[PDB]
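Here's the structure we're looking at; comments come further down.
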Amino acid sequence: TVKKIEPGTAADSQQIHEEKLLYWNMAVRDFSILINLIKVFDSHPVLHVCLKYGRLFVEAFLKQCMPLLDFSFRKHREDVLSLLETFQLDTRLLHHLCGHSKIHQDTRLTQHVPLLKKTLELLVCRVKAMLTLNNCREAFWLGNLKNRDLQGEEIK
Amino acid sequence: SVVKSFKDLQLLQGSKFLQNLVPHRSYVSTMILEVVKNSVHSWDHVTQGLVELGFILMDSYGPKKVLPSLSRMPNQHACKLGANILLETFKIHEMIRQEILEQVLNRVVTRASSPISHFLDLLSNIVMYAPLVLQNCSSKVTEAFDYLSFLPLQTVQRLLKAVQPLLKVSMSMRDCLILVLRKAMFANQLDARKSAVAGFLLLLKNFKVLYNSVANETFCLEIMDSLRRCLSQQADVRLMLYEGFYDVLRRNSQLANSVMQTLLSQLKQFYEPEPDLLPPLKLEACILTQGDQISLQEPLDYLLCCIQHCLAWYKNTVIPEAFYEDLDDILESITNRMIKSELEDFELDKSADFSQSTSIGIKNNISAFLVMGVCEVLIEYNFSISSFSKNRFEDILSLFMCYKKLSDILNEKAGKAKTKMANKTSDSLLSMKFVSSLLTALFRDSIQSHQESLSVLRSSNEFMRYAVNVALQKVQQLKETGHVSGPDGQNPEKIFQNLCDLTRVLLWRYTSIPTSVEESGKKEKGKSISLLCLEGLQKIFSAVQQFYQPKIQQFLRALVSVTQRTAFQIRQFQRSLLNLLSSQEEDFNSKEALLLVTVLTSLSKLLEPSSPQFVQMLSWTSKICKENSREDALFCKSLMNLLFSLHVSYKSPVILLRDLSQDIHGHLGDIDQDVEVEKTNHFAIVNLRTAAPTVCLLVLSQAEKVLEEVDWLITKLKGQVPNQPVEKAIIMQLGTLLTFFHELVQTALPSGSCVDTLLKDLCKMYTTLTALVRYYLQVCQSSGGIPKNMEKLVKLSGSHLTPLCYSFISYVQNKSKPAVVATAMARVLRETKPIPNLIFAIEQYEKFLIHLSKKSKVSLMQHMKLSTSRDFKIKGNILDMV
Amino acid sequence: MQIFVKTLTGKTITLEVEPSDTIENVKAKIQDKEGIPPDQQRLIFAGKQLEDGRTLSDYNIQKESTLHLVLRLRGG
Amino acid sequence: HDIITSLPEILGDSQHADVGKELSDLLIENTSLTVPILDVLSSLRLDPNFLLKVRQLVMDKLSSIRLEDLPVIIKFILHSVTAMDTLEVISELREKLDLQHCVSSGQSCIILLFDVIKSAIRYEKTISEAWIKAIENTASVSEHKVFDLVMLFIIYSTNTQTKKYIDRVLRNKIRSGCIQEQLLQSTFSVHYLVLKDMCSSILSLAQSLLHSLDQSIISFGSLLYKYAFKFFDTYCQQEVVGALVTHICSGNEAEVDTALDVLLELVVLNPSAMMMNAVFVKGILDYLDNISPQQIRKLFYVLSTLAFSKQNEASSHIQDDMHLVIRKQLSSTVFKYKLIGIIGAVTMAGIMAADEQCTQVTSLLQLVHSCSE
DNA sequence: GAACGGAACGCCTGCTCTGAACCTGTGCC
DNA sequence: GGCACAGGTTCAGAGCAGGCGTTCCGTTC
């Protein structure tokens with residue numbers, strides 16, 4: 001569903017931009033609701049499904065949202081920032097999922113870790129590219145992420 | 001399989017580390033030529049496949065990239081194997097040699113959109129081996145002649161060299177060719193005219209020395225009348241005649257009395273033979289102007305050049321009677337009336353301002369080159385006449401003063417617009433032999449009878465730096481194309497003799513006179529004659545090793561094996577570089593040092609890699625890098641490249657990479673802003689200025705070459721499944737450069753190509769480790785293993801490299817210190833790639849470590865820490881911007 | 001002069017032929033002494049299939065040379 | 001007219017463009033003297049601006065030209081093209097050229113025009129490549145004409161380095177719903193004398209098209225062989241049959257199926273043409289151990305319908321030979337040979353059964369029943 | 001013993017290698 | 001303060017390798 005959404009242009013009306021951002025926000029909240037069911041259903045096939053379709057969702061978020069955020073940033077900045085801080089909340093869950101698949105050394109899970117990792121790093125760097133093309137490149141901060149499990153701990 | 005064999009052999013010969021481990025197995029090239037050698041026992045089902053392999057190899061891998069090393073050197077070598085297979089098949093199987101020859105001729109004719117140089121080499125080899133066999137293809141050859149107006153000039157000029165053993169034998173085909181060429185002269189396409197002159201000059205050349213001789217002396221006198229058409233045609237068609245007549249006279253002597261007449265009448269349309277009319281040449285008839293289209297026709301300079309050369313040849317070899325005794329007086333009158341012409345006679349410098357938009361400026365610019373060429377020919381002629389008479393050397397100096405006046409007038413007029421006028425850099429009409437015998441007489445004549453006349457030329461330094469520059473232009477012209485311009489200009493033995501006799505004088509002037517004797521200032525310090533002799537030495541040393549590669553024995557005899565002579569020639573430049581380095585600091589000669597390093601680089605390739613002279617050379621270079629500071633960056637880059645090119649042929653250069661990384665770490669800083677390091681003691685040519693963009697990229701490039709060799713070893717090991725020394729060597733190499741990568745990861749590199757090349761070489765490092773692990777998967781499942789080497793390497797990769805990669809990535813991203821929008825978007829989408837590619841390569845290393853850890857019953861994942869991951873934030877800087 | 005012919009069952013037969021004789025003469029001799037029909041016969045020498053219209057002098061067959069006979073059954 | 005036609009060998013280089021102007025002075029004076037002046041201006045030395053002008057003066061009146069003038073005109077047009085005016089003049093030429101309103105002198109002058117176009121595309125890649133790139137840019141409209149088939153076959157035959165690009169253009173053009181049977185029938189029915197040179201190029205294109213998937217492509221690969229056998233000479237017919245036996249004896253299941261379908265269509269179309277080459281069709285009996293039993297049925301059907309035409313009973317050699325090979329196949333103890341013998345016997349009896357023929361099918365059925373008992 | 005996950009042969013996308021030309025930055029006149 | 005040389009950059013092209021799509025055998029409860 002989410003791959004079929006097209007980014008517009010700056011020549012397009014702001015109403016279509018606003019409805020597209022609402023449409024993206026709906027997809028992100030649905031993705032978070034779907035991903036959060038991992039914690040109570042831990043098994044081989046449910047983890048396999050979210051590992052494959054998580055990266056397939058993030059790649060669609062990369063190809064067909066980020067041009068819309070590049071277009072509509074000077075007008076709708078708060079929506080874009082809210083969208084990104086919403087997407088971070090399950091990107092973190094995907095990172096913990098990759099960790100969980102490494103720790104319990106499960107081959108059938110671990111085969112989908114490196115392309116997911118590459119895709120989340122692409123997401124970070126693409127956000128930096130967004131701020132570069134919107135002339136706020138010196139606002140892009142970074143910082144490490146605490147190593148949690150699926151429930152949420154600090155495994156150390 | 002043949003191209004992979006050649007890439008194996010090149011990469012295996014490139015390094016000593018690979019030759020220590022691998023004992024050389026037979027390559028697929030020598031197998032296929034063994035097959036052709038063994039086909040004499042004549043099972044002839046094979047031979048059709050050998051012909052088809054040979055044509056596949058020549059078709060696919062012909063020079064079309066060449067209208068490098070990776071795409072160049074294993075794709076000349078496959079094409080030469082193809083022509084070699086076809087020629088060896090031809091020299092054995094007498095049945096085949098009508099379907100080889102037709103297939104070659106089918107590719108020479110229908111093509112010549114694509115390059116066909118390899119096919120015209122194969123055709124020449126085939127024909128020169130057995131010229132009778134072209135009588136079997138008399139049908140197909142005569143239907144190539146009907147298209148010898150549409151082919152380009154290079155095809156025609158070499159196909160007609162090949163064919164003519166038919167035309168000595170045949171008579172009908174000869175009278176077909178002359179008919180084709182005579183009807184081709186009246187074409188409209190440009191190539192047809194020059195193809196016709198190439199055919200006429202070849203038929204004049206090799207079709208008798210003087211069948212019946214009475215059936216030749218008239219027959220060339222037929223062709224010669226046909227050539228009086230071409231002299232009426234346009235400039236390029238003339239110029240091919242003016243350059244060809246000297247070879248025609250050399251190979252066919254008795255045409256001399258005709259040929260000179262053909263020139264002399266051609267001179268008389270442009271020479272005004274009345275004294276006290278001051279411009280002695282008619283340059284207003286050598287310019288064709290119609291419809292605002294301005295063209296040069298009848299290049300008078302090359303005509304005088306050809307007249308001079310044929311005249312000197314006639315005087316030299318024929319005589320031991322009226323045309324040449326006239327021509328001496330013609331050239332002498334041209335000399336004496338050219339001396340006392342002061343540029344108002346050619347309407348120059350004051351009535352003209354040489355503007356290349358107006359027709360008059362273009363005309364004046366053409367006539368300028370004309371008068372410069374005329375003066376050059378007369379310089380050569382006045383040198384030729386007398387055995388060092390003082391009057392004619394003053395004449396030479398006055399002619400050169402006229403030449404230099406026109407030259408610096410064109411320099412003043414080229415100082416306003418862009419420097420695209422490469423027509424001023426048009427080749428001199430001095431023959432290579434003359435510039436040899438002029439520089440020899442200028443720098444190495446001590447005979448007291450000559451010395452009074454030579455002191456006229458040695459007094460004027462501009463003449464010296466003209467007559468050196470001209471020989472530099474000649475050797476540069478041999479570098480670019482395989483032949484030089486003048487007479488005996490395509491005859492490689494004469495070019496070798498003149499390169500030996502240029503080397504002998506340039507070495508003498510560089511050696512016997514240093515650079516510190518100068519009295520000249522900065523303007524002439526940029527172009528001091530010692531420096532130009534060193535530059536010509538650098539171009540000669542380079543251009544011998546391309547072409548005169550078997551003769552590098554004899555070339556050194558001109559100046560005991562190749563190594564002793566090369567070492568003795570190395571030591572002079574070695575001492576000269578030491579004297580230039582150690583002495584001065586203030587404003588030291590960057591250019592002279594830089595191309596001394598270039599000379600030593602070109603010279604070090606002739607030493608044998610196990611010789612003691614090679615070892616003392618490498619030791620000297622290492623000591624120079626260990627001692628001297630030398631703040632200039634390009635000179636440092638040239639020295640390190642010389643050091644690495646010396647070092648990799650001796651042993652694997654990973655300890656040197658480690659030491660240079662430690663010096664970069666010591667110099668540039670550190671990520672954490674508080675770690676105290678300094679280890680300058682290793683290598684002295686490393687500065688705050690130098691090491692950051694220059695030594696960093698160079699050491700990373702050498703790391704990539706080490707990783708390529710290691711990956712090739714691993715891929716070869718994966719073929720088989722003898723083993724244990726190879727794996728120990730691989731693991732030792734990988735551990736060393738793992739320490740190397742560690743020091744550069746921690747370093748505070750600049751935000752340019754240095755950080756990007758590091759990230760790309762880290763992906764290449766991890767990929768190589770991933771390929772090692774994935775090889776160990778294949779072995780350790782069979783027996784039980786991962787010996788202590790591999791475990792220690794995994795431990796080292798987990799402890800030292802990986803978490804530092806993570807902190808380095810955080811350093812790169814956190815560091816943040818007018819844009820066309822499309823290119824800006826292209827830039828940022830380029831820059832979003834190499835960090836993800838490094839993350840992928842790390843995670844795919846760890847995943848194959850998991851695979852190995854499962855199916856070996858040893859937990860290699862207990863060494864590495866949990867993967868660190870990164871989240872972004874955005875701060876309150878956006879309120880300042882918007 | 002004498003040659004050998006070896007077939008697929010390892011049977012070796014000695015043939016008295018002159019190099020002036022053609023190949024179908026040799027096939028006729030195999031038909032006489034072994035009964036194998038000449039259209040089914042296929043002769044191989046030094047990795048060369050012998051053609052019908054030639055002779056032994058075209059294929060450089062000297063004394064005591066060894067031919068290989070295979071049976072080309074079209075269908076079976 | 002003789003003085004005009006002799007002008008290139010007479011005049012020197014200093015007097016071209018003057019006679020460049022004055023010949024054009026004669027060009028507007030008479031329409032009866034268009035073509036020798038056009039050949040002379042094609043062969044003299046001229047500046048390209050005047051050549052552009054006279055090319056426009058030719059190109060506006062292209063439809064008012066009978067076919068006899070059309071070679072020496074079109075040669076002039078293909079040697080007045082600049083490096084920048086390639087696609088424009090090629091598109092205008094391919095638009096304006098009819099080749100139908102002109103249609104014994106006509107066919108000969110058509111062959112002369114195609115000779116001229118082969119000579120123009122042989123040694124100048126800038127016209128061949130721009131002609132191919134000016135055909136796929138008319139993929140939109142389904143109304144492109146006979147010319148664009150014959151020209152693709154010509155450029156495929158002549159230039160070797162553009163073979164892969166022509167192959168890809170033909171595949172992506174036939175998958176677009178463009179060039180189909182109704183073009184190919186008109187091409188091979190009208191332009192059979194021009195294409196009769198390029199038998200081998202046509203059969204190479206057919207061989208390259210039969211190897212793929214997408215039955216619309218393999219339909220074209222079959223119909224090319226069909227029309228090549230229909231219109232060409234006996235030598236090209238022999239080469240067609242050779243290519244078909246090559247596809248059967250070597251290729252995969254789709255290739256064997258298609259080639260056997262083609263042989264069936266050609267024996268049902270022209271048995272007398274196949275009777276000359278019937279030994280090459282007999283040559284498939286060596287490879288019965290490589291062919292699927294359904295294709296064995298089809299092979300025996302095509303062979304046995306070739307053999308049992310009424311007028312070809314003078315040529316009874318094949319009729320006795322396949323009877324021999326059936327009785328040979330049946331006389332084997334091995335089941336794999338007996339299977340092929342039974343199949344061949346039944347299909348052979350079926351085709352020969354449409355008083356002595358009743359005795360013949362009696363003997364055949366009794367022997368297969370006796371050995372198969 | 002069954003079912004579900006690991007494994008091989010072919011075609012498409014994209015990525016990288018490389019060259020060519022433009023252009024811009026720096027140094028010397 | 002401008003011109004020339006160098007080096008970077010960017011775009012255009014081309015070729016091939018690896019990853020996904022179908023199809024079958026190994027492995028784990």
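If you're wondering about the labels, chains in the structure tokens are A, B, ... by order shown, residues count from 1 in each chain, ligands from 1 in order shown.
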
Closest contacts (chain E/chain A, max 12 Å, only C-alpha atoms (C1' of nucleotides)) as JSON lines:
{"residue": "E:4", "atom": "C1'", "partner": "A:45", "partner_atom": "CA", "distance": 10.9}
{"residue": "E:5", "atom": "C1'", "partner": "A:108", "partner_atom": "CA", "distance": 8.1}
{"residue": "E:6", "atom": "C1'", "partner": "A:108", "partner_atom": "CA", "distance": 9.5}

DSSP on the backbone: what in chain C comes out helix (DSSP H, G or I), as a list in words?
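DSSP-assigned helix (DSSP H, G or I) residues in chain C: residues 23, 24, 25, 26, 27, 28, 29, 30, 31, 32, 33 and 34 of chain C.
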
Could you build a table of the residues in chain B lying no more than 9 Å from chain D, giving for each the nearest pair of atoms and their separation in Å rounded to one decimal place, using only C-alpha atoms, ordered by chain and ascending residue number, as a Markdown table?
| residue | atom | partner | partner_atom | distance |
| --- | --- | --- | --- | --- |
| B:110 | CA | D:122 | CA | 7.1 |
| B:111 | CA | D:123 | CA | 7.6 |
| B:112 | CA | D:123 | CA | 8.0 |
| B:113 | CA | D:125 | CA | 7.1 |
| B:114 | CA | D:161 | CA | 8.7 |
| B:150 | CA | D:123 | CA | 6.8 |
| B:151 | CA | D:123 | CA | 7.8 |
| B:183 | CA | D:9 | CA | 8.2 |
| B:186 | CA | D:9 | CA | 6.1 |
| B:187 | CA | D:43 | CA | 7.0 |
| B:188 | CA | D:45 | CA | 5.5 |
| B:189 | CA | D:45 | CA | 8.4 |
| B:229 | CA | D:12 | CA | 8.9 |
| B:232 | CA | D:13 | CA | 7.7 |
| B:233 | CA | D:13 | CA | 6.4 |
| B:234 | CA | D:13 | CA | 8.1 |

I need the contact residues of chain B against chain F, so if you could list those with any atom within 8 Å, counting only C-alpha atoms (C1' of nucleotides), and return them as an MDAnalysis selection string, that would help.
chainID B and resid 415 418:419

Could you save the residues just selected, with N, CA, C and O atoms, as a PDB file, in the first residue's frame?
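What follows is the written file part-v3.pdb:
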ATOM      1  N   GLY B 415      48.837  36.235 -25.631  1.00  0.00           N
ATOM      2  CA  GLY B 415      48.738  36.626 -24.218  1.00  0.00           C
ATOM      3  C   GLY B 415      47.417  37.273 -23.829  1.00  0.00           C
ATOM      4  O   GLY B 415      47.250  37.536 -22.618  1.00  0.00           O
ATOM      5  N   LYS B 418      42.609  32.944 -24.608  1.00  0.00           N
ATOM      6  CA  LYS B 418      42.985  31.637 -24.032  1.00  0.00           C
ATOM      7  C   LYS B 418      44.069  30.982 -24.884  1.00  0.00           C
ATOM      8  O   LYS B 418      44.205  31.309 -26.088  1.00  0.00           O
ATOM      9  N   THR B 419      44.803  30.071 -24.252  1.00  0.00           N
ATOM     10  CA  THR B 419      45.999  29.399 -24.823  1.00  0.00           C
ATOM     11  C   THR B 419      45.577  28.150 -25.608  1.00  0.00           C
ATOM     12  O   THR B 419      46.220  27.088 -25.433  1.00  0.00           O
TER      13      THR B 419
END

What lies within 12 Å of region 38-43 of chain A using only C-alpha atoms (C1' of nucleotides), ignoring chain neighbours under 4 positions off, as number ranges by chain?
A: 31-34, 47-51, 54, 90, 93-94, 96-97, 100-101, 104, 106, 108-109, 149-152

Using CA of residue 320 (chain D) and CA of residue 343 (chain D) as the two end points, give the distance in Å to one decimal.
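Interatomic distance here is 17.7 Å.
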
Using only C-alpha atoms, I'd like every residue of chain C that has an atom within 12 Å of chain B; please write them out as number ranges by chain.
C: 44-50, 59-60

Proximity check chain D to chain C, 10 Å, nearest pairs one decimal Å, only C-alpha atoms, as a tab-separated table:
residue	atom	partner	partner_atom	distance
D:283	CA	C:74	CA	9.1
D:284	CA	C:74	CA	9.5
D:285	CA	C:75	CA	6.1
D:286	CA	C:74	CA	4.8
D:287	CA	C:75	CA	7.7
D:288	CA	C:75	CA	6.7
D:289	CA	C:75	CA	8.2
D:325	CA	C:75	CA	7.0
D:326	CA	C:75	CA	8.9
D:328	CA	C:76	CA	6.9
D:329	CA	C:76	CA	5.9
D:330	CA	C:76	CA	9.2
D:331	CA	C:76	CA	8.9
D:332	CA	C:76	CA	7.1
D:334	CA	C:76	CA	9.3
D:336	CA	C:76	CA	9.8
D:337	CA	C:76	CA	6.8
D:338	CA	C:76	CA	9.7
D:340	CA	C:75	CA	9.2
D:341	CA	C:75	CA	9.5

Write out as a list in words which residues come within 8 Å of residue 78 (chain B) when counting only C-alpha atoms (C1' of nucleotides), dropping same-chain ones fewer than 2 positions away.
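What passes the distance filter is residues 2, 3, 6, 57, 58, 61, 74, 75, 76, 80, 81 and 82 of chain B.
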
Restricted to C-alpha atoms, what would the selected residues look like written as an mmCIF file, in the first residue's frame?
data_model
loop_
_atom_site.group_PDB
_atom_site.id
_atom_site.type_symbol
_atom_site.label_atom_id
_atom_site.label_comp_id
_atom_site.auth_asym_id
_atom_site.auth_seq_id
_atom_site.Cartn_x
_atom_site.Cartn_y
_atom_site.Cartn_z
ATOM 1 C CA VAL B 2 42.297 -16.746 -21.514
ATOM 2 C CA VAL B 3 41.593 -13.245 -20.124
ATOM 3 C CA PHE B 6 46.335 -12.950 -18.235
ATOM 4 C CA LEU B 57 39.767 -13.069 -29.427
ATOM 5 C CA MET B 58 40.782 -10.386 -32.018
ATOM 6 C CA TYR B 61 39.419 -7.446 -27.371
ATOM 7 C CA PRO B 74 44.843 -8.073 -20.256
ATOM 8 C CA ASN B 75 43.088 -6.855 -23.434
ATOM 9 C CA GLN B 76 46.141 -6.136 -25.527
ATOM 10 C CA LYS B 80 47.935 -10.497 -29.474
ATOM 11 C CA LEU B 81 47.144 -14.127 -28.532
ATOM 12 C CA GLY B 82 44.412 -14.069 -31.166
#

Pull out every residue of chain A that has at least one atom within 10 Å of chain B, counting only C-alpha atoms, and report them as JSON, numbers by chain.
{"A": [74, 77, 81, 84, 85, 88, 91, 92, 95, 96, 98, 99, 102, 103, 105, 106, 107, 110, 111, 112, 113, 114, 115, 116, 117, 118, 119, 120, 121, 122, 123, 124, 125, 126, 127, 128, 129, 130, 131, 132, 133, 134, 135, 136, 137, 138, 139, 140, 141, 142, 143, 144, 145, 146, 147, 155, 156]}

For C-alpha atoms, I'd like the residues from the last selection saved as a tab-separated table (two decimals), in the first residue's frame.
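Dumped to again_38.tsv:
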chain	number	residue	atom	x	y	z
A	74	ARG	CA	10.04	25.30	5.00
A	77	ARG	CA	8.38	21.81	9.49
A	81	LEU	CA	9.75	16.65	12.71
A	84	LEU	CA	10.58	11.64	12.07
A	85	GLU	CA	10.38	11.43	15.90
A	88	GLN	CA	12.37	6.78	15.41
A	91	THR	CA	13.24	2.22	14.14
A	92	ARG	CA	14.64	1.73	17.70
A	95	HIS	CA	17.45	-2.10	16.01
A	96	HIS	CA	16.64	-4.06	19.22
A	98	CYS	CA	18.36	-7.03	14.95
A	99	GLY	CA	20.24	-7.33	18.28
A	102	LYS	CA	22.16	-11.75	16.71
A	103	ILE	CA	22.23	-12.68	20.46
A	105	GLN	CA	22.29	-16.99	17.15
A	106	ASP	CA	19.36	-17.88	14.84
A	107	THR	CA	20.53	-18.30	11.23
A	110	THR	CA	20.16	-13.41	11.09
A	111	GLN	CA	20.18	-13.65	7.24
A	112	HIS	CA	18.02	-10.45	7.06
A	113	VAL	CA	20.03	-8.36	9.57
A	114	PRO	CA	22.68	-6.76	7.28
A	115	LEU	CA	20.22	-5.28	4.72
A	116	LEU	CA	18.02	-3.96	7.53
A	117	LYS	CA	21.06	-2.36	9.21
A	118	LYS	CA	22.16	-0.81	5.91
A	119	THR	CA	18.63	0.50	5.40
A	120	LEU	CA	18.33	2.15	8.82
A	121	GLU	CA	21.74	3.81	8.33
A	122	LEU	CA	20.49	5.00	4.93
A	123	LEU	CA	17.55	6.55	6.79
A	124	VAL	CA	19.81	8.53	9.15
A	125	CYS	CA	22.08	9.79	6.32
A	126	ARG	CA	19.04	10.60	4.14
A	127	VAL	CA	17.65	12.79	6.99
A	128	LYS	CA	21.06	14.55	7.04
A	129	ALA	CA	20.76	15.00	3.24
A	130	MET	CA	17.26	16.49	3.79
A	131	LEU	CA	18.65	19.06	6.25
A	132	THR	CA	21.58	19.74	3.84
A	133	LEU	CA	19.21	20.55	0.93
A	134	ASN	CA	17.04	22.69	3.29
A	135	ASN	CA	20.17	24.64	4.50
A	136	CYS	CA	20.08	23.43	8.16
A	137	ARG	CA	23.01	20.95	7.85
A	138	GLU	CA	24.62	22.22	11.13
A	139	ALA	CA	21.40	21.19	13.03
A	140	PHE	CA	21.79	17.46	12.25
A	141	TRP	CA	23.09	15.97	15.52
A	142	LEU	CA	23.80	12.27	16.20
A	143	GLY	CA	24.35	9.97	19.16
A	144	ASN	CA	24.48	6.32	20.14
A	145	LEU	CA	21.49	4.14	21.03
A	146	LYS	CA	21.19	2.11	24.24
A	147	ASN	CA	21.26	-1.67	23.60
A	155	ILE	CA	21.80	-5.67	28.11
A	156	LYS	CA	25.43	-5.22	29.35

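Between CA of residue 211 (chain B) and CA of residue 143 (chain B) the interatomic distance comes to 25.5 Å.
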
Any idea what's packed within 6 Å of residue 68 (chain C), counting only C-alpha atoms (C1' of nucleotides), ignoring anything in its chain fewer than 6 positions away? Could you give it as a PyMOL selection string?
chain C and resi 5-7+43-44

Writer output for current selection, N, CA, C and O atoms, as a short mmCIF file (atom, residue, chain, number, x, y, z; two decimals), in the first residue's frame:
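Just written: selection.cif:
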data_model
loop_
_atom_site.label_atom_id
_atom_site.label_comp_id
_atom_site.auth_asym_id
_atom_site.auth_seq_id
_atom_site.Cartn_x
_atom_site.Cartn_y
_atom_site.Cartn_z
N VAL C 5 42.84 -53.07 -38.67
CA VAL C 5 41.55 -52.39 -38.42
C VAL C 5 41.03 -52.91 -37.09
O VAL C 5 40.84 -54.13 -36.95
N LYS C 6 40.81 -52.01 -36.15
CA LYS C 6 40.28 -52.38 -34.82
C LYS C 6 38.85 -51.87 -34.72
O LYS C 6 38.59 -50.69 -35.02
N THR C 7 37.94 -52.73 -34.31
CA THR C 7 36.52 -52.36 -34.14
C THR C 7 36.18 -52.22 -32.67
O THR C 7 37.06 -52.32 -31.80
N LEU C 43 35.13 -45.17 -40.85
CA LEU C 43 36.58 -45.39 -40.64
C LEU C 43 37.20 -44.12 -40.08
O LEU C 43 36.97 -43.02 -40.63
N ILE C 44 37.98 -44.28 -39.01
CA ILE C 44 38.68 -43.17 -38.33
C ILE C 44 40.17 -43.47 -38.34
O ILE C 44 40.58 -44.57 -37.94
#

Please report, as a tab-separated table, each residue of chain E lying at most 10 Å from chain B, together with the nearest pair of atoms and the separation in Å rounded to one decimal; use only C-alpha atoms (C1' of nucleotides), and order rows by chain and ascending residue number.
residue	atom	partner	partner_atom	distance
E:17	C1'	B:71	CA	9.1
E:18	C1'	B:68	CA	8.9
E:19	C1'	B:65	CA	9.0
E:29	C1'	B:523	CA	9.5

Could the residues in this selection be written to a file with N, CA and C atoms (P, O5', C5', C4', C3', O3' and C1' of nucleotides), as a short mmCIF file (atom, residue, chain, number, x, y, z; two decimals), in the first residue's frame?
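Dumped to result14.cif:
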data_model
loop_
_atom_site.label_atom_id
_atom_site.label_comp_id
_atom_site.auth_asym_id
_atom_site.auth_seq_id
_atom_site.Cartn_x
_atom_site.Cartn_y
_atom_site.Cartn_z
P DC E 17 35.36 0.64 -8.91
"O5'" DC E 17 36.30 -0.12 -9.96
"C5'" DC E 17 35.78 -0.83 -11.11
"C4'" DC E 17 36.07 -0.12 -12.42
"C3'" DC E 17 37.20 0.92 -12.45
"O3'" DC E 17 38.25 0.47 -13.32
"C1'" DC E 17 35.25 1.77 -13.56
P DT E 18 39.62 1.30 -13.52
"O5'" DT E 18 39.57 1.73 -15.06
"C5'" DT E 18 38.37 1.63 -15.84
"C4'" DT E 18 38.14 2.86 -16.69
"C3'" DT E 18 39.15 4.01 -16.60
"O3'" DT E 18 40.06 4.03 -17.72
"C1'" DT E 18 36.89 4.84 -16.76
P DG E 19 41.04 5.29 -18.01
"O5'" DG E 19 40.16 6.19 -19.00
"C5'" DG E 19 39.28 5.58 -19.98
"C4'" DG E 19 38.54 6.60 -20.82
"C3'" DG E 19 39.34 7.84 -21.19
"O3'" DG E 19 39.10 8.15 -22.57
"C1'" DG E 19 37.39 8.48 -19.96
P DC E 29 57.21 34.33 -12.61
"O5'" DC E 29 56.76 35.54 -13.55
"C5'" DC E 29 56.04 35.31 -14.77
"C4'" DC E 29 55.07 36.43 -15.04
"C3'" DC E 29 55.69 37.83 -15.23
"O3'" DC E 29 55.38 38.37 -16.51
"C1'" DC E 29 53.85 37.90 -13.74
#

Surrounding residues of region 117-131 of chain B excluding itself and chain neighbours under 6 positions, 8 Å, only C-alpha atoms (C1' of nucleotides), as a ChimeraX atom specification:
/B:58,62,79-80,83,87,90-91,101,104-105,107-108,155,158-159,162-163,165-166

Interatomic distance, CA of residue 154 (chain B) to CA of residue 138 (chain B) (Å, one decimal)
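These atoms are spaced 21.8 Å apart.
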